[PDB]
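Since the structure comes first, as structure tokens, the remarks are kept for the end.
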Amino acid sequence: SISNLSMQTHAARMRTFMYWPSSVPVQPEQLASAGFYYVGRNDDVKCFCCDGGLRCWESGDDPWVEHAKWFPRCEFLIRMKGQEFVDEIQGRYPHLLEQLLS
Amino acid sequence: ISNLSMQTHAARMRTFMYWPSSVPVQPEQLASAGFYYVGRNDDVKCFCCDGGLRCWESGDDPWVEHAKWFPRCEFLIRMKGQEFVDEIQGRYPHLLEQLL
Amino acid sequence: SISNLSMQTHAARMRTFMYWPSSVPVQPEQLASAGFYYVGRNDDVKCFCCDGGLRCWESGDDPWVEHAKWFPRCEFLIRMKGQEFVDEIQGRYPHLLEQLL
Amino acid sequence: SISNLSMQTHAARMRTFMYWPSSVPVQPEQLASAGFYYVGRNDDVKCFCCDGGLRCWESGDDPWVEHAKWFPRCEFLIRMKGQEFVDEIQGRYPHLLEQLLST
Ligand SMILES: CC[C@H](N)C(=O)N[C@@H]1C(=O)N2[C@@H](CC[C@@H]1CCN)CC[C@H]2C(=O)NC(c1ccccc1)c1ccccc1
Ligand SMILES: CC[C@H](N)C(=O)N[C@@H]1C(=O)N2[C@@H](CC[C@@H]1CCN)CC[C@H]2C(=O)NC(c1ccccc1)c1ccccc1
Ligand SMILES: CC[C@H](N)C(=O)N[C@@H]1C(=O)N2[C@@H](CC[C@@H]1CCN)CC[C@H]2C(=O)NC(c1ccccc1)c1ccccc1
Ligand SMILES: CC[C@H](N)C(=O)N[C@@H]1C(=O)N2[C@@H](CC[C@@H]1CCN)CC[C@H]2C(=O)NC(c1ccccc1)c1ccccc1
Ligand SMILES: [Zn+2]
Ligand SMILES: [Zn+2]
Ligand SMILES: [Zn+2]
Ligand SMILES: [Zn+2]
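Residue numbers (the entry's author numbering), protein chains in the order written: chain D, 254 to 355; chain B, 255 to 354; chain A, 254 to 354; chain C, 254 to 356.
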């Protein structure tokens, strides 16, 4: 499964970060390596695989952890990081839903 | 308790006076599940967990929706039990994934 | 045309204010006189005539002024207060739509 | 006055419309030309100048008319379209606030 066939390569994902804001603390290298490509609005990124979108990147935020925290069933994440890493992150944040709503 | 004035079924039933007739879910089922009318659209809130629900359709059950979205509500647990809350959570394991 | 025929009379509008919160600064007498009846949730009121709803009543808020501010074309408000009042209030608040956006 | 200094240029507004839904009948060219940029949720757009937001675009909807219909005091709209255009649009829709409180 792949949601965006044109963003399947790191090189293509890196090309979308041309007009990425300089002010954003997270670097485009860490983002593209985690399967994300720039979408052209704010600091909005999407995964070429799971179509999962992330935004509001702050200092210290890691793209792989955020990818595991919000989109744990992404096939690309699982292939790269493994099931142990995804289980560990899901365990650290057991009330994502409760928190979004509360 | 998030709303001390909505503790009683009678008080929750009073809010549904000018509830739309077009909405398929009846105020009797809603107030019994801890919900009171919020005065906008078909928006309801639980007096206990402050959890809000809207967009009620034909066949939607207030206790099951309360269990899907707000499973740690003390009122829902006291009335329906941990088995019900667990069974509903098992039927809907990708709720977050659904909305995202 | 009247939106609620059962709330035509001041007496009927006053009866809806039975479970009205004591904490609300605006009194049910001022509200019912301005065509409003309680809708049974929060401090939400509706006019029997134009079906216009108001809420979040604070200290000093006048029901007749708020009626002209938000629902100026209400036949009841026009009959009771007149076109001069409605016009004067509409002149004081010329950017209401802009204000809420 | 300008609410978003980074969206001052047509080029910058056009860049936000990359992953805009194909299903939406109104084209990003008309939108960006009317001062709007893509916000990133639904078909939600905002004016770089007046911070006025619009959504639920349907077939036949014109961005300049909607801009005049909802945000008539926007300096950018006035400079581009003129006071005659804004006045005519305000005249066709005299009960906008009322229409919201009714529907
Ligand atoms: C990524 C680090 C950041 N601090 C963070 O965790 N942000 C969260 C987030 O991006 N999302 C979670 C919400 C809490 C956060 C919002 C601001 N802190 C839910 C998933 C994600 C999010 O808001 N995604 C957006 C989206 C869509 C398109 C492109 C990018 C982001 C979204 C909104 C509504 C529905 C679906 C997705
Ligand atoms: C209740 C049956 C209905 N079909 C349903 O399940 N609706 C969902 C829903 O109410 N909520 C879930 C979202 C998917 C649904 C939205 C429309 N289908 C998330 C919790 C709830 C919701 O949207 N709550 C609102 C809310 C607030 C205040 C009063 C009522 C409802 C809300 C929005 C944003 C943050 C927190 C809560
Ligand atoms: C009445 C004094 C108060 N300070 C006030 O002016 N409130 C405003 C208000 O009631 N309305 C205006 C919005 C700004 C205010 C909201 C809180 N300050 C718009 C008309 C009214 C309002 O919000 N009405 C509600 C409503 C519906 C049903 C019963 C009561 C109130 C409403 C919301 C959405 C659409 C239509 C009407
Ligand atoms: C633009 C054509 C469309 N058919 C239309 O006229 N939509 C209206 C609209 O966008 N707005 C008017 C409401 C009636 C419409 C809503 C759906 N038909 C009021 C101004 C605008 C609107 O809803 N703006 C939103 C908003 C916020 C942020 C981004 C985009 C839109 C808004 C909601 C609440 C307060 C302030 C603005
Ligand atoms: Zn992914
Ligand atoms: Zn609850
Ligand atoms: Zn009225
Ligand atoms: Zn503008």
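Note that beta-carbon positions come from the ideal geometry of N, C-alpha and C, so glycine has one too.
| How do the segment 281-294 of chain A and the segment 307-319 of chain A stand: do at least 3 beta-carbon pairs fall below 8 Å, yes or no? | yes
| task | Kindly list, in the order they appear in chain C, the residues whose Cβ is closer than 7 Å to that of A:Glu341. | result | Along the third sequence, read from residue 1 onward, the residue named residue 341 of chain A stands at position 88. The premise fails here: A:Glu341 is roughly 18 Å from chain C at the closest Cβ pair, so nothing lies under 7 Å.
| query | DSSP on C:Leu307, reduced to helix/strand/coil? | reply | Locating residue 307 of chain C in the fourth sequence gives position 54, counting from the first residue. Reduced to three states, the DSSP call for C:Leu307 is strand.
| request: Put D:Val298 into one of helix, strand or coil per three-state DSSP. | output: Counting from one through the first sequence, the residue named residue 298 of chain D turns up at place 45. Three-state result, D:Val298: strand.
| query | Which chain A residues are close to C:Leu349, counting only those with a beta carbon under 9 Å from its beta carbon? | reply | The residue given as residue 349 of chain C occupies position 96 in the fourth sequence. Simply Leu350.
| task | Check the C-beta distance from D:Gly288 over to D:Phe270 and give it rounded, since I have them as a contact under 8 Å. | result | Here residue 288 of chain D corresponds to residue number 35 of the first sequence, with the count starting at 1. Here residue 270 of chain D corresponds to residue number 17 of the first sequence, with the count starting at 1. Not a contact, Cβ separation roughly 13 Å.
| Is there a Cβ from chain D that is less than 7 Å from the Cβ of C:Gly293? | Start at 1 with the first residue of the fourth sequence, and residue 293 of chain C comes out as number 40. Yes, contact with chain D.
| query | Would you say A:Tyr346 reaches chain B, if we count a Cβ-Cβ gap shorter than 7 Å as a contact? | reply | Against the third sequence, residue 346 of chain A aligns to sequence position 93. No - not a single Cβ of chain B is within 7 Å of the one on A:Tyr346.
| request: Return the residues of the segment 297-310 of chain B that lie within a Cβ-Cβ distance of less than 9 Å from chain D, sorted by chain order. | output: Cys303, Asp304, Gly305 and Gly306
| Closer than 6 Å: C:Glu311 CB and nearest ligand 4 heavy atom | Translated into positions along the fourth sequence, residue 311 of chain C becomes position 58. It does: the Cβ of C:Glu311 is within 6 Å (strictly closer) of some heavy atom of ligand 4.
| query | Does A:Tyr290 have its Cβ less than 7 Å from a Cβ in chain B? | reply | The residue labelled residue 290 of chain A in the question sits at position 37 within the third sequence. It does not: the Cβ of A:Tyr290 has no partner Cβ on chain B nearer than 7 Å.
| task | Would you check if the distance between the CB atom of D:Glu328 and the CB atom of D:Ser256 is smaller than 7 Å? | result | Reading the first sequence from its first residue, position 75 is the one you call residue 328 of chain D. Reading the first sequence from its first residue, position 3 is the one you call residue 256 of chain D. Contact flag unset, no.
| message | On a Cα-Cα basis, can you pick out the residue from D:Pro347, D:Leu349 and D:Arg266 that is closest to D:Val292? | response | Your numbering for residue 292 of chain D matches position 39 in the first sequence. Nearest option by C-alpha distance: D:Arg266.
| Cα-Cα separation, C:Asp297 to C:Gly306 | The count along the fourth sequence starts at 1 and reaches residue 297 of chain C at position 44. The count along the fourth sequence starts at 1 and reaches residue 306 of chain C at position 53. Computed Cα separation, rounded: 7 Å.
| query | Can you name the residues that DSSP bridges to C:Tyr291? | reply | One-based indexing of the fourth sequence puts residue 291 of chain C at position 38. According to DSSP, C:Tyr291 bridges with C:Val298.
| field | Option in B:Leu349, B:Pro274, B:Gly313 and B:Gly335 with minimal Cα separation from B:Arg294 | value | Within the second sequence, the letter at position 40 stands for residue 294 of chain B. It is B:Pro274 whose Cα lies nearest to the Cα of B:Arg294.
| field | Within chain D, partners of B:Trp323 - CB distance below 9 Å | value | Position 69 of the second sequence, counting from 1, holds the residue named residue 323 of chain B. Within 9 Å Cβ-Cβ: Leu350 and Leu354.
| For the candidate residues C:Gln261, C:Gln336 and C:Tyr272, whose alpha-carbon lies nearest to that of D:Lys299? | Here residue 299 of chain D is taken as the residue at index 46 of the first sequence, counted from 1. D:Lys299 has its Cα closest to that of C:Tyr272, out of C:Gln261, C:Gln336 and C:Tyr272.
| CB contact flag (B:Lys322, B:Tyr290, <7 Å) | In the second sequence, residue 322 of chain B corresponds to position 68, counting from 1. In the second sequence, residue 290 of chain B corresponds to position 36, counting from 1. Contact flag unset, no.
| How close, in whole Å, do the beta carbons of C:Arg326 and A:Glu337 come, if the pair is a contact with beta carbons under 8 Å? | As a working mapping, residue 326 of chain C is identified with position 73 in the fourth sequence. As a working mapping, residue 337 of chain A is identified with position 84 in the third sequence. The pair is not a contact, with the Cβ atoms about 27 Å apart (cut-off 8 Å).
| query | Taking the alpha-carbon positions, what's the C:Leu258 to C:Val279 distance? | reply | For the purposes of this step, residue 258 of chain C is taken as residue 5 along the fourth sequence, with counting starting at 1. For the purposes of this step, residue 279 of chain C is taken as residue 26 along the fourth sequence, with counting starting at 1. Cα-Cα distance, rounded: 25 Å.
| query | Taking 6 Å as the cut-off, is the CB of B:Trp317 close to at least one heavy atom of ligand 2? | reply | On the second sequence, residue 317 of chain B is found 63 positions in, with the first residue counted as 1. Flag unset: Cβ of B:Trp317 not near ligand 2.
| said: Less than 8 Å between C-beta atoms, sequence neighbours within five positions excluded: which residues of the same chain meet that for C:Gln261? | reply: Taking the fourth sequence and counting its residues from 1, one reaches residue 261 of chain C at position 8. Excluding sequence neighbours, C:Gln261 sits near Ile255 and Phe301.
| task | Could you check the C-alpha separation between C:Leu353 and D:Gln343 for me, to the nearest Å? | result | Residue numbering aside, residue 353 of chain C sits at position 100 when the fourth sequence is read from its first letter. Residue numbering aside, residue 343 of chain D sits at position 90 when the first sequence is read from its first letter. Whole-angstrom Cα-Cα distance: 44 Å.
| request: Report whether the distance from the Cβ of D:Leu354 to the nearest heavy atom of ligand 2 is below 6 Å. | output: Position 101 of the first sequence, counting from 1, holds the residue named residue 354 of chain D. Correct: D:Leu354 has its Cβ closer than 6 Å to ligand 2.
| message | Considering only the alpha carbon of each residue, which of D:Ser355, D:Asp340, D:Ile331 and D:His348 lies closest to D:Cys303? | response | In the first sequence, counting from the first residue as 1, residue 303 of chain D sits at position 50. The candidate whose alpha carbon is nearest that of D:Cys303 is D:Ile331.
| task | Report the residue from D:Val277, D:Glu341 and D:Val339 whose alpha carbon sits nearest the alpha carbon of D:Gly313. | result | Taking the first residue of the first sequence as position 1, residue 313 of chain D is located at position 60. The shortest C-alpha separation from D:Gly313 is found at D:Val277.
| query | Under a Cβ-count criterion, where at least 16 other Cβ atoms within 10 Å of its own Cβ denotes burial, should B:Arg308 be classed as buried or exposed? | reply | Stepping through the second sequence from its first residue, residue 308 of chain B is reached at position 54. Flag for B:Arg308 reads exposed.
| task | Return helix, strand or coil for A:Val339, following the three-state DSSP convention. | result | Numbered from its first residue, the third sequence carries residue 339 of chain A at position 86. Reduced to three states, the DSSP call for A:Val339 is helix.
| Is the closest heavy atom of ligand 6 to the C-beta of B:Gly288 under 6 Å? | Here residue 288 of chain B refers to the residue found at position 34 when the second sequence is read from its first residue. Yes.
| said: So for B:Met271, helix, strand or coil by DSSP? | reply: The sequence position of residue 271 of chain B within the second sequence is 17, counting from 1. DSSP places B:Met271 in coil when its eight states are reduced to three.
| field | Where the alpha helix (DSSP H) containing C:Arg332 begins and where it ends | value | Indexing the fourth sequence from 1 puts residue 332 of chain C at position 79. Note, C:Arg332: alpha helix (DSSP H), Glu328 to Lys334.
| request: Could you check what DSSP says for D:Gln280 in three-state terms: helix, strand or coil? | output: Residue mapping note: residue 280 of chain D aligns to position 27 of the first sequence, counting from 1. Of the three classes helix, strand and coil, the one that applies to D:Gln280 here is coil, per DSSP.
| Chain-ordered residues of the segment 257-289 of chain C with a beta carbon less than 7 Å from chain D | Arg268, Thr269, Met271 and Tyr272
| message | For a contact defined as C-beta to C-beta under 7 Å, what are the partners of A:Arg332 on chain C? | response | Along the third sequence, one-based indexing puts residue 332 of chain A at 79. The contacting residues do not exist; A:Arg332 stays about 18 Å from chain C at best.
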